[PDB]
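Reading through the structure tokens given below for one structure.
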Amino acid sequence: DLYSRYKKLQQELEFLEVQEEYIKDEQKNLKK
Amino acid sequence: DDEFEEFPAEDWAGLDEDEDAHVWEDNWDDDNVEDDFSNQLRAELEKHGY
Amino acid sequence: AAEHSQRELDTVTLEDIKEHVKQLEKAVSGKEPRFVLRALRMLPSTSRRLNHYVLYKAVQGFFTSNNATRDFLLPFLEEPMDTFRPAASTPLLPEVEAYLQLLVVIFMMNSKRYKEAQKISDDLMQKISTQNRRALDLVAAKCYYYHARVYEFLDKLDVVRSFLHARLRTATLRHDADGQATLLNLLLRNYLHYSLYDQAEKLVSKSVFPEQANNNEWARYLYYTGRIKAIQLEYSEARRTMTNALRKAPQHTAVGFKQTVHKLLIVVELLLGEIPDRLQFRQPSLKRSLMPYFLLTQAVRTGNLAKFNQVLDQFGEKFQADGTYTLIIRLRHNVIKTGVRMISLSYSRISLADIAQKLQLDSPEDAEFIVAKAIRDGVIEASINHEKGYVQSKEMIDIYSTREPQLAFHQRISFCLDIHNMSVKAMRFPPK
Amino acid sequence: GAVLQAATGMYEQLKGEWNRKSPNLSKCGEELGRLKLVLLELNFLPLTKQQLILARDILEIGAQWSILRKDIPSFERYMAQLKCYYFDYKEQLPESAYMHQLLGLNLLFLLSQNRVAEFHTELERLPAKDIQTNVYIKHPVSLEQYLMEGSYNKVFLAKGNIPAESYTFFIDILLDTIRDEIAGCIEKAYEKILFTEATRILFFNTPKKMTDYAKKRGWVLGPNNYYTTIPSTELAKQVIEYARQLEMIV
Amino acid sequence: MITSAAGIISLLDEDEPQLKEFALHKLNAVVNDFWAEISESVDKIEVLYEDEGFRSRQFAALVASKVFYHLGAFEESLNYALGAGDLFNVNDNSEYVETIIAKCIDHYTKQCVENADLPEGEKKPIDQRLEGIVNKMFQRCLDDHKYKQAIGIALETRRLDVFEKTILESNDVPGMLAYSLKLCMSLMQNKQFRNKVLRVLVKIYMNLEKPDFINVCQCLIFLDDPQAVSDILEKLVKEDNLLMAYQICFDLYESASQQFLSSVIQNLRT
Amino acid sequence: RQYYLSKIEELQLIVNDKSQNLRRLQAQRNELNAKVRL
């Protein structure tokens, strides 16, 4: 319940970070 | 926005009469004391000749 | 006739407050901060009306879950005898109940009734001490501010210090900004109100203000720290901060705020030697209010001890009324440094006998001591040649080819780059 | 109760020996030591009005004894505790006749170690009706106004205008404070200063004293008795930072 | 009523220890009112703490702990809060107590994972006080009967002993076993700790009075332990529960790898 | 117990901030990719 929600929150933040770095790299390559 | 009611929102008394209510905006050197111009020159110049 | 207009205004205020409440619910919907400052931004304008019929209708419409918290306002509330839920028994959002209790408090406040407002504000904070939701943090900031407004006219600010300290620490732990800013400003006012300037200064040094805090709270904090360092003798940073705050001060409202800030910036400036601009002594909203301080500045610029003494004897009540009587003591004792300041700005070199003649110092050694004290501070840049008697100022080297423009430009361009970066981060595209 | 009445008589004896022309410092010292030790048991700081009168008088006699004993590090602590005991939130004890005396003493002490900001705060603390009226603080305010205006010679004239004998103790050390401040002012005001005029304005009547105070600093006598680049790194870091803020997306 | 801490910090400079005890009691009474004045005078508190001859160095440690808790130097606040000892009433609901408890949990989890990944020869020792106080969180959670939260904290802290105890003493053994299995499969990533946790649930499953051999076999397939499942199948064969054996083997065929099935067959053959 | 809720709300605010930022970055990449495709 509480702990599972905490784990899902941390996992979603991690996935958000992956998407963030991917989008930055793709932005650089698209600018080129 | 906060009106800063912590500060008493100072009422300007009873919105009484101002000094002149002019559009004549002045500077800090317009409130000094001077004594005309001709007298300045002469009274300062008889010590040397006029 | 009057009842018809009153009923129409009650209905339009009911719809506006309904918009506020719906705005709280669609702000708690979407799980996001903001859109609640869109709720609280115009509580002054709606609190302008605050009639009894509209408040009672709102209470009966949005507190359909009749609780003891609704049954505590009802005794003091005067409900209309003859007199809307936008509809099931879904439990009330705590943000909604806090906001509704807030408007109830403010109506009960503007009617010059304080003690019951004191109790009701206390019960508002006793329940807000139980919630741990960021949606009830921006609301809670304004609840705290209006609560301290309730308490201020009841002359019981000292008892609130413990609560404000605890909630400020709670905000700092939760990284709150609006609540933190409101509590910090309010507690600085608490410390200065009981003349705990040392305590306020010490608190300031170990407390970092959030950069994201709203403009008005930032201006309040800047004013408070500026007063602290002005009575703490940090005049240069003082004037810098009050100039910043006046740039952040509202143009239309906060007449009392701008008046106090203008008064303290005037005294800080002429303590540092700077002469306040005459135009700020000309706007109608400030003219007669600064008229005591305007005569103060006239005496300061003239520098005659006779008119100075008469101005002091005539306006000392105004001087202490702002907590500036000691400030004006230092003012009366720094007018001489001010005089030396224009003397040295006008003259590249000047004999100390000439200094005593133009300043009425009656002694070359007295002039030497006074000018040495003045030049100790960063008021006058010179190079005293006691071999001959020169007060030869430093060569005004070209500001260009001196790296000073490079540093100033670096700071400014960094400011523009941060502005651009924050703007591009604040694009905030919507989902649909 | 019983300990409180015993301490009442005990500090009656304390002040009785103390107000005697020159109290035997050891007796009253051990007395007030054990007296504060038991005052910890008599509810030191927050209450019977006589209890706070007792504790406030303990600290007042202790502070004036520090004047008499001539110890500053303890003097500051007696100052702070009895400041928590003089005039802040107390309001139940009768106005001590010895309030303003030590407000002035503490202000002068604070000036003695270059604490003008803190001193000004303490000036703000006390009421406005007394700065220009109460002589126990008119002597501080007059002297410090003369200090701030730079009229040091006015201080040299008024050093004897103290309102009570319990001022000269740090009137002397204020006299040394002003002279060291003045010496710093001359050092950062002049380029070269002659031996004779330096001896004249350093307020060291003994020329030997002036020479010792000159050796104490690096400001030296002089032969005839008469005392940038392009860093290209931080600015380069700045331009690289600008390029960084242009690049690397938002 | 008090107005500042100047009197108290001035009392702090005094020499006799008992007056220091009284002043420390007053500081602990009011450090949430005016922290700033003692914040600049915390060096006295540190030199008070580091003295061995003090009879109450723990109280100085606690005072400095609260001071640093205000200061935001939560690292030194945690240091001198662990230095407080038993006077840190865990059962207290103080905000300082609560936040230092949370930071104790965070530091313990960080230390636990950084010691778990590292080999045995390089394990930095965990402080005894933080281990005991976090054990007091598990005990307090069990007394409050928030068993899921204790399970989660144990998984965060790599404490298989606390996890095993929490599952054993939990009121609902099968439901908590299922919740732990779902969490372990769907949410945790570290493979070696995953194997250790799966072995823990396997042991609890087999020691359970009516072993949920479907879940045990699933965990064994996830663990790749053909010998254990072969022995369990032999146990089922000798125990006559043939329906268990049939459903288990069908599950292994549907789920386990070809190598796993071939190895199990070879073990069943021998 | 309350520690769990505090961590959850902190992670929730961080996640909201990062999701809003990711939406902004996705929009920027969308317009730039549209320009490249055109």
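Here, A, B, ... name the chains of the structure tokens in the order displayed, residue numbers run from 1 inside each chain, and ligands are numbered from 1 in the same displayed order.
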
Would you list the contacts of residue 1 of chain F as a list in words, taking every protein, DNA or RNA residue within 9 Å and counting only C-alpha atoms, but skipping same-chain residues closer than 4 positions in sequence?
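Everything that qualifies: residues 2 of chain A; 141, 146 and 149 of chain E; 5 and 6 of chain F.
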
Please report as a tab-separated table every residue of segment 56-173 of chain D lying within 10 Å of segment 22-30 of chain D, along with the nearest atom pair and their distance in Å (one decimal), using only C-alpha atoms.
```
residue	atom	partner	partner_atom	distance
D:61	CA	D:28	CA	9.8
D:62	CA	D:29	CA	8.6
D:65	CA	D:25	CA	8.6
D:66	CA	D:29	CA	9.9
D:68	CA	D:25	CA	8.8
D:69	CA	D:25	CA	7.5
```

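In plain terms, chain D touches chain C through residues 117, 118, 120, 121, 123, 124, 125, 128, 145, 148, 149, 150, 151, 152, 185, 186, 188, 189, 190, 191, 192, 193, 238, 242, 245 and 250 of chain D, where touching means an atom at most 8 Å away, counting only C-alpha atoms.
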
Could you make a table, as CSV, of the residues of chain C that have an atom within 8 Å of an atom of chain B, each with its nearest atom pair and distance in Å to one decimal, counting only C-alpha atoms, in chain and number order?
```
residue,atom,partner,partner_atom,distance
C:41,CA,B:1,CA,6.7
C:42,CA,B:1,CA,7.7
C:149,CA,B:6,CA,6.7
C:152,CA,B:6,CA,7.6
C:216,CA,B:1,CA,6.4
C:250,CA,B:1,CA,7.9
C:253,CA,B:3,CA,6.0
C:254,CA,B:3,CA,4.6
C:255,CA,B:9,CA,6.0
C:256,CA,B:9,CA,4.2
C:257,CA,B:4,CA,6.2
C:259,CA,B:10,CA,7.9
C:277,CA,B:28,CA,7.8
C:278,CA,B:27,CA,6.2
C:279,CA,B:25,CA,7.4
C:282,CA,B:25,CA,8.0
C:285,CA,B:12,CA,7.1
C:286,CA,B:12,CA,8.0
C:287,CA,B:18,CA,7.9
C:288,CA,B:12,CA,6.7
C:289,CA,B:12,CA,6.2
C:302,CA,B:32,CA,7.8
```

Once you count only C-alpha atoms, what closest atom pair and distance in Å to one decimal does each residue of chain A within 8 Å of chain D have, with rows by chain and rising residue number, as a Markdown table?
```
| residue | atom | partner | partner_atom | distance |
| --- | --- | --- | --- | --- |
| A:24 | CA | D:249 | CA | 6.9 |
| A:27 | CA | D:249 | CA | 7.3 |
| A:28 | CA | D:249 | CA | 7.3 |
```

Should the cut-off be 9 Å, what would the residue list for chain D against chain E look like, counting only C-alpha atoms, as a PyMOL selection string?
chain D and resi 36-37+40+45-46+73-74+76-85+88-90

Pull N, CA, C and O atoms from the residues just selected and write them as a JSON list (two decimals), in the first residue's frame.
```json
[["chain", "number", "residue", "atom", "x", "y", "z"],
["D", 36, "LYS", "N", 24.43, 31.79, 43.37],
["D", 36, "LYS", "CA", 23.91, 31.44, 42.06],
["D", 36, "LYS", "C", 23.74, 29.93, 41.93],
["D", 36, "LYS", "O", 22.81, 29.46, 41.26],
["D", 37, "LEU", "N", 24.61, 29.16, 42.59],
["D", 37, "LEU", "CA", 24.46, 27.70, 42.56],
["D", 37, "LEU", "C", 23.12, 27.28, 43.15],
["D", 37, "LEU", "O", 22.47, 26.36, 42.64],
["D", 40, "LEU", "N", 20.02, 28.49, 40.99],
["D", 40, "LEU", "CA", 19.58, 27.46, 40.05],
["D", 40, "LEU", "C", 18.41, 26.67, 40.63],
["D", 40, "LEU", "O", 17.49, 26.29, 39.90],
["D", 45, "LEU", "N", 15.51, 32.27, 36.11],
["D", 45, "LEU", "CA", 14.83, 32.65, 34.87],
["D", 45, "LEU", "C", 13.54, 31.85, 34.68],
["D", 45, "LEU", "O", 13.41, 30.74, 35.21],
["D", 46, "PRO", "N", 12.56, 32.39, 33.94],
["D", 46, "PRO", "CA", 11.34, 31.64, 33.64],
["D", 46, "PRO", "C", 11.43, 30.88, 32.32],
["D", 46, "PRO", "O", 12.54, 30.65, 31.84],
["D", 73, "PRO", "N", 34.96, 38.83, 30.75],
["D", 73, "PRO", "CA", 34.25, 37.63, 30.26],
["D", 73, "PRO", "C", 33.10, 37.20, 31.15],
["D", 73, "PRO", "O", 32.06, 36.75, 30.65],
["D", 74, "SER", "N", 33.25, 37.32, 32.47],
["D", 74, "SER", "CA", 32.11, 37.10, 33.35],
["D", 74, "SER", "C", 31.13, 38.26, 33.28],
["D", 74, "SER", "O", 29.92, 38.08, 33.45],
["D", 76, "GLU", "N", 30.16, 40.02, 30.75],
["D", 76, "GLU", "CA", 29.21, 39.83, 29.65],
["D", 76, "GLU", "C", 28.10, 38.86, 30.04],
["D", 76, "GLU", "O", 26.94, 39.08, 29.70],
["D", 77, "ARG", "N", 28.45, 37.77, 30.72],
["D", 77, "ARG", "CA", 27.43, 36.79, 31.08],
["D", 77, "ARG", "C", 26.47, 37.34, 32.13],
["D", 77, "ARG", "O", 25.26, 37.12, 32.04],
["D", 78, "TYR", "N", 26.99, 38.08, 33.11],
["D", 78, "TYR", "CA", 26.11, 38.73, 34.07],
["D", 78, "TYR", "C", 25.19, 39.71, 33.35],
["D", 78, "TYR", "O", 23.98, 39.78, 33.63],
["D", 79, "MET", "N", 25.75, 40.43, 32.38],
["D", 79, "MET", "CA", 24.98, 41.33, 31.53],
["D", 79, "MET", "C", 23.84, 40.62, 30.82],
["D", 79, "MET", "O", 22.70, 41.09, 30.86],
["D", 80, "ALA", "N", 24.11, 39.49, 30.18],
["D", 80, "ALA", "CA", 23.07, 38.86, 29.37],
["D", 80, "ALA", "C", 22.00, 38.25, 30.25],
["D", 80, "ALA", "O", 20.79, 38.41, 30.00],
["D", 81, "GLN", "N", 22.41, 37.52, 31.30],
["D", 81, "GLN", "CA", 21.40, 36.91, 32.15],
["D", 81, "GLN", "C", 20.53, 37.96, 32.81],
["D", 81, "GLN", "O", 19.29, 37.83, 32.83],
["D", 82, "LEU", "N", 21.13, 39.04, 33.32],
["D", 82, "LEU", "CA", 20.28, 39.97, 34.02],
["D", 82, "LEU", "C", 19.56, 40.90, 33.04],
["D", 82, "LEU", "O", 18.56, 41.52, 33.40],
["D", 83, "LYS", "N", 20.02, 40.97, 31.78],
["D", 83, "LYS", "CA", 19.18, 41.55, 30.74],
["D", 83, "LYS", "C", 17.91, 40.73, 30.56],
["D", 83, "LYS", "O", 16.81, 41.28, 30.45],
["D", 84, "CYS", "N", 18.05, 39.40, 30.56],
["D", 84, "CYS", "CA", 16.86, 38.56, 30.68],
["D", 84, "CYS", "C", 16.14, 38.79, 32.00],
["D", 84, "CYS", "O", 15.00, 38.36, 32.16],
["D", 85, "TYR", "N", 16.80, 39.46, 32.95],
["D", 85, "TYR", "CA", 16.21, 39.78, 34.24],
["D", 85, "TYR", "C", 15.89, 41.27, 34.45],
["D", 85, "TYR", "O", 15.06, 41.57, 35.32],
["D", 88, "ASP", "N", 13.13, 42.94, 30.05],
["D", 88, "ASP", "CA", 12.41, 42.22, 29.01],
["D", 88, "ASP", "C", 11.37, 41.32, 29.66],
["D", 88, "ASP", "O", 11.69, 40.50, 30.53],
["D", 89, "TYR", "N", 10.10, 41.59, 29.34],
["D", 89, "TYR", "CA", 8.97, 40.76, 29.73],
["D", 89, "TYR", "C", 8.83, 40.57, 31.24],
["D", 89, "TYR", "O", 8.01, 39.76, 31.68],
["D", 90, "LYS", "N", 9.59, 41.31, 32.04],
["D", 90, "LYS", "CA", 9.54, 41.12, 33.49],
["D", 90, "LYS", "C", 8.29, 41.74, 34.10],
["D", 90, "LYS", "O", 7.43, 41.04, 34.65]]
```

Using only C-alpha atoms, I'd like every residue of chain A that has an atom within 8 Å of chain F; please write them out as a PyMOL selection string.
chain A and resi 2-3+5-6+9-10+12-13+16-17+19-20+23-24+26-27+30-31

Export of the given selection (N, CA and C atoms) as a compact mmCIF listing (two decimals), in the first residue's frame:
```
# COMPACT_ATOMS: atom_id res chain seq x y z
N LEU A 2 1.30 1.67 1.19
CA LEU A 2 2.16 2.84 1.30
C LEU A 2 3.53 2.58 0.68
N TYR A 3 4.16 1.45 1.04
CA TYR A 3 5.48 1.15 0.52
C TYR A 3 5.44 0.86 -0.98
N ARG A 5 3.29 2.14 -3.07
CA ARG A 5 3.12 3.44 -3.70
C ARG A 5 4.44 4.20 -3.75
N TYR A 6 5.23 4.12 -2.68
CA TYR A 6 6.54 4.76 -2.67
C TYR A 6 7.45 4.17 -3.75
N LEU A 9 6.34 5.38 -7.12
CA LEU A 9 6.75 6.77 -7.30
C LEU A 9 8.22 6.86 -7.69
N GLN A 10 9.08 6.11 -6.99
CA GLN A 10 10.50 6.16 -7.32
C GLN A 10 10.77 5.60 -8.72
N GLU A 12 8.67 5.62 -11.27
CA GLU A 12 8.18 6.59 -12.25
C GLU A 12 9.14 7.76 -12.38
N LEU A 13 9.72 8.21 -11.27
CA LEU A 13 10.73 9.27 -11.35
C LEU A 13 11.94 8.80 -12.15
N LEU A 16 11.10 8.82 -15.74
CA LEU A 16 11.08 10.20 -16.18
C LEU A 16 12.49 10.70 -16.46
N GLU A 17 13.46 10.31 -15.63
CA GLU A 17 14.84 10.71 -15.88
C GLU A 17 15.37 10.11 -17.17
N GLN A 19 13.62 9.29 -19.83
CA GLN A 19 13.00 10.03 -20.92
C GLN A 19 13.62 11.42 -21.06
N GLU A 20 13.96 12.06 -19.94
CA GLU A 20 14.59 13.37 -19.97
C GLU A 20 15.91 13.33 -20.72
N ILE A 23 15.42 12.68 -24.42
CA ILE A 23 14.90 13.83 -25.14
C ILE A 23 15.98 14.88 -25.35
N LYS A 24 16.86 15.06 -24.36
CA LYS A 24 17.96 16.01 -24.55
C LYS A 24 18.89 15.56 -25.68
N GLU A 26 18.20 13.57 -28.20
CA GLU A 26 17.49 13.68 -29.47
C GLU A 26 17.34 15.13 -29.89
N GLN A 27 17.19 16.05 -28.94
CA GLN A 27 17.13 17.47 -29.28
C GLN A 27 18.44 17.93 -29.90
N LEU A 30 18.63 16.40 -33.42
CA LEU A 30 17.68 17.05 -34.30
C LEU A 30 18.13 18.46 -34.67
N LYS A 31 18.77 19.18 -33.74
CA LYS A 31 19.32 20.48 -34.09
C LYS A 31 20.40 20.34 -35.16
```

Show me, as a Markdown table, the residues of chain E having an atom within 8 Å of chain A, each with the closest atom pair and its distance in Å, using only C-alpha atoms.
```
| residue | atom | partner | partner_atom | distance |
| --- | --- | --- | --- | --- |
| E:148 | CA | A:3 | CA | 7.4 |
| E:149 | CA | A:3 | CA | 6.0 |
| E:152 | CA | A:3 | CA | 5.6 |
| E:183 | CA | A:4 | CA | 7.3 |
| E:187 | CA | A:7 | CA | 6.9 |
```

Take the residues that were just selected and, keeping C-alpha atoms, output them as a PDB file, in the first residue's frame.
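Contents of part.pdb, as written:
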```pdb
ATOM      1  CA  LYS E 148       3.442  -3.999   5.349  1.00  0.00           C
ATOM      2  CA  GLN E 149       5.447  -0.873   6.187  1.00  0.00           C
ATOM      3  CA  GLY E 152       9.012  -2.445   3.046  1.00  0.00           C
ATOM      4  CA  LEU E 183       6.513  -6.861  -4.501  1.00  0.00           C
ATOM      5  CA  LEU E 187       9.314  -3.899  -8.023  1.00  0.00           C
TER       6      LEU E 187
END
```

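One finds atom CA of residue 24 of chain F at 6.5 Å from atom CA of residue 427 of chain C.
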
Considering only C-alpha atoms, tabulate each residue of chain C that lies at most 12 Å from chain E along with its nearest interatomic pair and the corresponding distance in Å to one decimal; arrange the rows by chain and ascending residue number and present them as CSV.
```
residue,atom,partner,partner_atom,distance
C:129,CA,E:95,CA,11.9
C:158,CA,E:3,CA,9.6
C:159,CA,E:1,CA,10.3
C:160,CA,E:33,CA,10.9
C:161,CA,E:33,CA,7.5
C:162,CA,E:33,CA,6.0
C:163,CA,E:33,CA,9.2
C:164,CA,E:33,CA,9.4
C:165,CA,E:33,CA,6.4
C:166,CA,E:32,CA,7.0
C:167,CA,E:95,CA,10.5
C:168,CA,E:32,CA,10.4
C:169,CA,E:70,CA,7.8
C:170,CA,E:95,CA,8.0
C:171,CA,E:95,CA,11.7
C:172,CA,E:72,CA,9.2
C:173,CA,E:99,CA,8.2
C:174,CA,E:99,CA,10.4
C:175,CA,E:72,CA,11.7
C:187,CA,E:33,CA,11.1
C:190,CA,E:3,CA,11.9
C:191,CA,E:3,CA,9.8
C:194,CA,E:3,CA,9.5
C:195,CA,E:3,CA,10.5
C:196,CA,E:3,CA,8.1
C:197,CA,E:4,CA,10.9
C:198,CA,E:37,CA,9.1
C:199,CA,E:4,CA,7.0
C:200,CA,E:36,CA,8.9
C:201,CA,E:36,CA,9.0
C:202,CA,E:36,CA,5.4
C:203,CA,E:36,CA,5.3
C:204,CA,E:36,CA,8.6
C:205,CA,E:36,CA,8.3
C:206,CA,E:36,CA,6.9
C:207,CA,E:71,CA,8.6
C:208,CA,E:72,CA,10.5
```

Non-local contacts of residue 261 of chain C (8 Å; only C-alpha atoms; under 5 positions in same chain excluded) as a list in words:
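What passes the distance filter is residues 223, 242 and 246 of chain C.
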
File of the preceding selection, N, CA and C atoms, as a PDB file, in the first residue's frame:
```pdb
ATOM      1  N   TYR C 223      12.067  44.376   2.699  1.00  0.00           N
ATOM      2  CA  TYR C 223      11.836  45.500   3.597  1.00  0.00           C
ATOM      3  C   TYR C 223      12.277  45.169   5.015  1.00  0.00           C
ATOM      4  N   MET C 242      16.239  48.476  -0.064  1.00  0.00           N
ATOM      5  CA  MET C 242      14.978  49.214  -0.128  1.00  0.00           C
ATOM      6  C   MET C 242      14.709  49.732  -1.536  1.00  0.00           C
ATOM      7  N   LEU C 246      11.303  48.791  -3.410  1.00  0.00           N
ATOM      8  CA  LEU C 246      10.461  49.780  -4.068  1.00  0.00           C
ATOM      9  C   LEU C 246      10.269  49.444  -5.538  1.00  0.00           C
TER      10      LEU C 246
END
```
